[PDB]
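Engineer: My questions will all concern the structure given below.
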Amino acid sequence: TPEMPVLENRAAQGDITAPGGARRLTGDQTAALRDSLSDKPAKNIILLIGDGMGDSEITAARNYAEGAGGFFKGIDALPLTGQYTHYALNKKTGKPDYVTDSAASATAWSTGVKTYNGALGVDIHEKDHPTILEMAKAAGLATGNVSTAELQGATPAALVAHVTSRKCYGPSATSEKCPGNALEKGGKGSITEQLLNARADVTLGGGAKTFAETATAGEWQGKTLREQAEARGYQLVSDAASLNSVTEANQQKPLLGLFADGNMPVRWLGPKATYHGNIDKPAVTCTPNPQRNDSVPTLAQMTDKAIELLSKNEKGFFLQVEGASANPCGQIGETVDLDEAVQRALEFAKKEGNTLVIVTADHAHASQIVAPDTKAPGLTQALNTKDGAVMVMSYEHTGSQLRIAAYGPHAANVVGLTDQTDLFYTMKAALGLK
Amino acid sequence: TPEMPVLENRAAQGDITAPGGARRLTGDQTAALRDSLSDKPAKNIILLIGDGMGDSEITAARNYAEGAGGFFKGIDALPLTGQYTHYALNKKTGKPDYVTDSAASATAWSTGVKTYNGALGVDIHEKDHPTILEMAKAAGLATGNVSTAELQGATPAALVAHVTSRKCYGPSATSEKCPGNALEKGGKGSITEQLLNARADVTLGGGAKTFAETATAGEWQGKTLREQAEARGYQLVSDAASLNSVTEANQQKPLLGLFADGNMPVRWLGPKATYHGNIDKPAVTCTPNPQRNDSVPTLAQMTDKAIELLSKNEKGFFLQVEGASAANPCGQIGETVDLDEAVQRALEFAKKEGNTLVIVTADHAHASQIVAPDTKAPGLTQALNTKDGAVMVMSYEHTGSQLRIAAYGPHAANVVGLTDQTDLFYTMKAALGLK
C-alpha cells in the first residue's frame with residue numbers, strides 16, 4: 001500500500017543560469033501528495049523544534065551550507081507544510097500579545113492553551129493544564145524530552161513543569177520568584193524539581209548547574225537535585241560513552257543525561273556581527289568549534305539514542321527534540337545540527353510507517369538576509385556561502401507566522417494556517433490520547 | 001457531487017484564554033485535503049501577487065484588521081500552502097544574489113529563467129524568453145494584466161516587456177538606459193511600447209503618465225503612446241464608470257484602463273513610522289483615504305471586471321493581479337486588505353467554475369517586523385491599535401527569506417513543500433497544458 005514518500009530531492013535541478021535550471025520539482029506532486037495523506041493512528045510522534053527557526057533562518061542556513069539552490073535533506077524534505085500563529089495573551093487583559101516569548105509558545109503546543117509571556121504550564125489565571133507528555137505517559141506510552149540547551153529552558157521545561165515564571169529554575173529562584181510553586185509553600189516545586197517528579201523515560205540535555213541545588217522541603221530536603229535523581233532511580237549519564245552503554249531506559253530506570261552545566265556547545269564559531277560589518281569587514285567563513293568534543297553527543301546522536309530506547313515500548317512513544325545552543329555562524333550551525341536530527345527522525349519514520357514527525361519553531365527571531373550593499377541601522381555580517389558568493393545578514397523575538405512541516409499519519413493537520421495550540425490537539429488526536 | 005473546498009473558517013474557534021479556544025481547526029483535515037487534490041487540467045489560472053507580502057506582512061495585516069485570532073477570508077483560505085525561494089543571479093558571474101529585486105523575481109515566474117536584478121524578461125546574457133502571458137496568448141487563451149501600481153512597474157511589465165533595465169519605462173528612458181532596446185536603434189522599444197505590442201485582452205492599472213510620451217521611430221513616430229494605443233484599436237477607460245461599461249475585450253477590441261498617472265490611491269492614511277515612534281508617539285488608527293474614491297476602481301473591482309470579460313473566451317484565460325500602491329504601516333496594511341478582497345473574488349469564481357487554479361504569493365519578502373511594544377529598535381517604528389484593542393508595534397528594503405505560496409484548484413498540489421519561484425512558471429505551463 002503506497003506508504004508515504006519523503007521529499008526526495010528539491011535541489012535546483014540543473015544550471016541555475018539556464019531555463020528550467022533552478023527548478024526544484026521534477027514533475028507533478030499531486031499523486032505523491034495523495035499518498036502522503038493518512039489519517040490512521042500515529043503510533044509515535046517526534047516533534048523537533050528549532051529555537052527561533054522561522055523561514056528567514058531556514059533560508060540563511062540553506063544559502064550558507066547548501067547554497068541557494070540547495071536542499072536540507074531533513075528540514076526541507078517534509079512533504080506537508082503550512083504556517084502557524086503563536087501570539088500570546090497579555091496577563092491582565094487576556095487580549096492578544098502579538099510577540100510571544102519561548103515560554104508561552106512552548107506552553108501553547110504542550111498544553112493547548114494560550115498564556116502570558118513568561119509562564120510555563122499555566123494559563124493566565126495561573127491554573128495548571130496537563131502537558132502532551134503527561135498525557136502520553138498516563139496512557140502507558142514511552143516519553144522523551146531532548147535539548148541542546150539547559151533542560152530548565154522554556155521548550156523542554158514546558159513539557160514537565162508548571163510554574164508562573166520561566167525563571168523558576170531551581171529552589172532558590174523558585175522561593176523568590178515563584179512563591180506559589182515553592183515546595184516550602186505547598187507549591188509543586190521548581191522547574192528542576194517538577195522535572196524529577198515527572199519521570200520521562202529519556203531526558204537528555206544541558207543544565208546540570210541547577211541540579212547541584214538542594215531541596216528545601218519534601219522527603220529529599222537538604223539533598224541536591226542530582227542526589228534526589230539518583231535516590232529516585234534515575235540513571236544518570238554525563239558523556240557520549242555512558243549514553244551509548246545505556247541498554248534500557250523506562251519507568252523503572254529513567255535515563256537522565258546531563259552533558260553541560262549550561263548549554264551544550266555550539267557547532268560553528270564566527271565573529272559577532274557589527275555596525276556596518278558588511279561594508280567595513282571581510283566575508284566570514286564559519287569555523288567548526290574545536291571544543292565540541294567526541295565526549296559530547298550531538299543532537300542527531302541524542303535523537304537516535306532516544307529513538308532507540310523509546311521504541312522498545314510496545315505501546316508507542318512521544319519525543320520532543322529541541323535544537324537550541326548576532327553570531328550568525330552559531331545561528332546557522334544550529335540549524336545544520338537540527339537538520340541532522342530531523343534526518344534521523346525521518347530515517348526511523350519511513351522505516352516504521354506509523355510515526356508523525358513535525359518540525360517547526362517556537363517563534364521567529366529578528367535576522368534578515370539583506371542586499372550586500374546595505375547601510376543598515378544595525379549589526380551585519382557578510383558570509384561566504386557554499387556558492388562562493390557573499391550573503392549579508394542583519395540584526396529579539398518577532399511576531400511573524402512561521403513554517404510548520406510534517407510527515408506521517410495525521411500530518412494533513414499542519415497544512416494551511418493553523419495556530420500553535422492546534423498542534424497539541426493534533427498530537428493528542430494522532431496518538432489517541434483520551 | 002465533488003467540489004474542492006476552500007477553508008471557510010480558520011479563525012480561533014472560541015475564547016482564546018480558554019483550553020481549545022484558540023484552535024483554528026475543529027477536527028481532522030485529511031479528508032478535506034485529499035478532496036483538494038486534482039491533477040486534471042486547469043482551464044484558467046489567476047495569479048495574485050502581493051507586493052512584498054511575505055509571512056510577516058500577512059501576519060501584521062491580519063492582527064491589525066482581523067485580530068490575532070482572525071482570518072483573512074481570501075489570503076488564508078487557500079488550502080494548499082508551501083514555501084518558495086526567489087534568489088536572483090549576479091549578471092557577471094552567474095552566481096546567486098541572495099536578495100532579489102522585483103524585476104528579477106517577476107522574470108523568474110513569468111519566464112522560468114533566473115536573471116539579474118533590474119532585468120525584465122531577459123536572462124543574464126540579455127536573451128529574451130517568452131513569458132507565460134505570451135504563450136497563453138499564442139495558444140488562443142484570453143490574458144489579463146491588472147495592477148494598482150504603474151503598469152510599467154516590474155510585476156505587470158515582466159508579463160509583456162523584455163528590457164535590460166526595469167527603469168526603461170518609455171522612449172526617453174529607454175534611449176538613455178536601455179539603448180539596445182531603444183526603438184530608434186532597432187530594439188523592441190520601451191516597456192510601455194512592448195506592452196502596447198503584447199496586446200493582452202485586458203490591462204488595467206495606473207501609470208498613465210508615460211503614455212504621454214511620443215515614440216521616436218516606427219509607424220507611430222511623433223504620436224504619443226496614448227494616441228498610438230487608440231490608433232491600434234485599444235479601448236481606453238480611465239475611471240470606474242467607463243470600466244464598468246465595457247461589454248467585451250478581446251484582440252480586435254482590447255481593453256486598456258489607466259486610472260492614475262502614477263500609482264492608484266492608497267486605501268488607508270496613517271503617519272510614517274518614526275525613530276522611537278512607539279515610545280514617543282501614541283498608537284495609530286488607520287483611517288480611510290479621502291482620495292481613494294467612488295470614481296477610482298478598487299483592486300477587487302478590477303479583478304472582478306477582468307474575470308467577467310476574460311471568461312467569455314471558450315478556451316480559458318490567464319490573469320495576473322498585482323496589489324501594490326515609504327515606511328508607512330497603514331498604507332502597507334491597507335494594501336494587504338485590498339489584495340484579500342481581490343483574492344475572495346477570484347476564489348468565489350474558481351470555486352464556482354471548478355477548473356481555475358488560484359495562486360496567491362509575493363514577488364519577494366520586505367523588511368517590516370512585528371516587534372514587542374516596549375522595543376527600542378534603531379529603525380522606524382510605529383504602534384498601532386488593532387482589531388483586538390491591543391497595541392502592535394511595527395519596525396522598519398527587500399530581504400532574502402523564502403515566503404508563503406498558496407493555491408487552490410487543479411495543479412495546486414505543486415505549491416506544497418519547498419519549490420523555487422521558477423517552478424511556478426512550469427506549474428502554470430503544465431496546468432494550462434501549454435507547449
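Engineer: For region A:5-101, what is the relative contact order in percent, using Cα pairs closer than 8 Å and at least 6 residues apart in sequence? Present the calculation step by step, with values, prior to reporting the outcome.
Structural biologist: Numbers: 79 pairs, mean separation 27.9, N = 97.
Once normalised by length, the contact order is 29 percent.
Engineer: Counting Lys and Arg as +1 and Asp and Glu as -1, what is the net charge of the other residues whose Cβ lies under 12 Å from the Cβ of A:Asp422? Don't skip to the end; give the middle numbers.
Structural biologist: Values: positive: A:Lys114, A:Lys428, B:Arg10, B:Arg23, B:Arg24; negative: A:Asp419, B:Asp28.
So the surrounding residues net to +3.
Engineer: How high is the FRET efficiency between B:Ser238 and B:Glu184 when r is their beta carbon distance and R₀ equals 35 Å, given to the nearest 0.05?
Structural biologist: Working: r = 29 Å, r/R0 = 0.83.
Approximately 0.75, to the nearest 0.05.
Engineer: Hey, got the dipole for chain B? About the Cα centre, +1 on K and R Cβ, -1 on D and E Cβ, debye to the nearest 20?
Structural biologist: Numbers: 40 positive and 47 negative charges, 114 e Å.
That gives chain B a dipole magnitude of about 540 debye.
Engineer: Do any trypsin sites (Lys or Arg not before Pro) in region B:44-122 lie in a DSSP loop with no more than 15 other beta carbon atoms within 10 Å, and if so, which? Before the final figure, lay out the partial values.
Structural biologist: On the way: sites: B:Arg62, B:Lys73, B:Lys91, B:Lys92, B:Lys114; in loops: B:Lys73, B:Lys91, B:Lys92, B:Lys114.
Taking region B:44-122 and a limit of 15 other Cβ atoms within 10 Å, the loop trypsin sites (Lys or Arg not before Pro) found are B:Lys92.
Engineer: Something else now. Can you tell which of A:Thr247, B:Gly186, B:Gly433 lies farthest toward the positive end of the dipole of the protein assembly as shown, using +1 and -1 charges on the Cβ of basic and acidic side chains (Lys, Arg; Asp, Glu)?
Structural biologist: B:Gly433
Engineer: Report D for the protein assembly as shown in µm² per second (integer): Stokes-Einstein, Kirkwood Rh on Cα pairs, 37 °C, 0.692 mPa s. Spell out each step's value before the answer.
Structural biologist: On the way: Rh = 27.9 Å.
It comes out at roughly 118 µm²/s.
Engineer: Report the calculated FRET efficiency for B:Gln251 and A:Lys40 (r = Cβ-Cβ distance, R0 = 41 Å), to the nearest 0.05.
Structural biologist: Details: r = 53 Å, r/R0 = 1.30.
After rounding to 0.05, the efficiency reads 0.15.
Engineer: Tally the DSSP beta bridges in the protein assembly as shown and give the antiparallel ones as a percent, rounded to 5. The partial results should precede the final answer.
Structural biologist: On the way: 53 of 127 bridges.
Here the antiparallel bridges make up roughly 40 percent for the protein assembly as shown.
Engineer: Over the Cα atoms of region A:1-83, how large are the radius of gyration and the largest Cα-Cα distance (Dmax), in Å?
Structural biologist: Rg, Dmax (Cα atoms, Å): 15.0, 45.
Engineer: Under 14 Å from the Cβ of A:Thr131, count the other residues' Cβ atoms, weight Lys and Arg +1, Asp and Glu -1, and hand me the total. The partial results should precede the final answer.
Structural biologist: On the way: positive: A:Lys127, A:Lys137, A:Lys188, A:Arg199, A:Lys428; negative: A:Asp123, A:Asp128, A:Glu134.
Its environment carries a net charge of +2.
Engineer: For chain A, what proportion of DSSP beta bridges, expressed in % and rounded to the nearest 5, is antiparallel? Mind dumping the intermediate values first?
Structural biologist: Values: 27 of 64 bridges.
Restricted to chain A, the bridges split so that about 40 percent are antiparallel.
Engineer: Need the C-alpha centroid separation for region B:149-215 versus region A:353-414, integer Å.
Structural biologist: Spelled out, the Cα-based centre of one part sits 37 Å from the other.
Engineer: Would you please put A:313-325, B:367-379 in order of how densely packed they are, using the mean number of other Cβ atoms within 10 angstrom per residue and starting with the highest?
Structural biologist: On the way: A:313-325: 23.2, B:367-379: 19.6.
Descending mean neighbour count gives A:313-325, B:367-379.
Engineer: Return the sequence-ordered ³J(HN,Hα) values of region A:333-339 in whole Hz as given by the Karplus equation 6.51 cos²θ - 1.76 cosθ + 1.60 applied to θ = phi - 60°, using x for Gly and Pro.
Structural biologist: Per residue, the Karplus-derived 3J(HN,Hα) values read x, 7, 5, 5, 3, 4, 3 Hz.
Engineer: Let me ask another. Compute the separation of the alpha-carbon centres of region B:229-247 and region B:60-136 and state it in Å as a whole number.
Structural biologist: 30
Engineer: Per the Kirkwood definition applied to all pairs of different Cα atoms, how many angstroms is the hydrodynamic radius of chain A? If you can, show how the numbers build up before the last one.
Structural biologist: Numbers: mean 1/r = 0.0450 Å⁻¹.
So the Kirkwood estimate lands at 22.2 Å.
Engineer: Next question, about the same structure. Do the sum for chain A: with -39,500 (n - 2.57) for every DSSP H run of n ≥ 4, divided by all residues, what is the mean residue ellipticity at 222 nm, to the nearest 500 deg cm²/dmol?
Structural biologist: Numbers: 13 runs with 122 residues, N = 434.
Theoretical 222 nm ellipticity from helices: -8000 deg cm²/dmol.
Engineer: Quick one: Karplus J couplings for region A:357-368, per residue in order, coefficients 6.51, -1.76, 1.60, θ = phi - 60°, nearest Hz, x for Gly and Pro?
Structural biologist: My calculation for region A:357-368 gives 10, 10, 10, 6, 10, 7, 6, 7, 9, 9, 8, 10 Hz in order.
Engineer: So, with +1 on the Cβ of K and R and -1 on the Cβ of D and E, and no other charges, what is the size of the charge dipole of the protein assembly as shown about its Cα centre, to the nearest 20 debye?
Structural biologist: Working: 80 positive and 94 negative charges, 46 e Å.
Taking the Cα centre of the protein assembly as shown as origin, the dipole is about 220 debye.
Engineer: Whole-Hz Karplus ³J(HN,Hα) for region A:233-239, in order, using 6.51 cos²θ - 1.76 cosθ + 1.60 and θ = phi - 60°, x for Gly and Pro?
Structural biologist: x, 6, 9, 8, 9, 10, 8
Engineer: Tell me the net charge near B:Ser147. Cut-off is 10 Å between Cβ atoms, B:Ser147 excluded, with +1 for each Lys or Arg and -1 for each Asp or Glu. Can you show the working numbers first?
Structural biologist: Numbers: positive: none; negative: B:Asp51, B:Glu150, B:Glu322.
With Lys, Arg at +1 and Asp, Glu at -1, the neighbours total -3.
Engineer: Under a plain spin-label model, where a point goes 7 Å from the Cα along Cα-to-Cβ, how far apart in nm are A:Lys127 and A:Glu230?
Structural biologist: Reported label-point gap for A:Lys127 and A:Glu230 is 4.2 nm.
Values quoted throughout were computed directly from the atomic coordinates according to the rules given, and no laboratory measurement underlies them. A quick note on method: Cβ atoms are made from the backbone with ideal geometry, for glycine too, and the neighbour counts reach across all protein chains shown.
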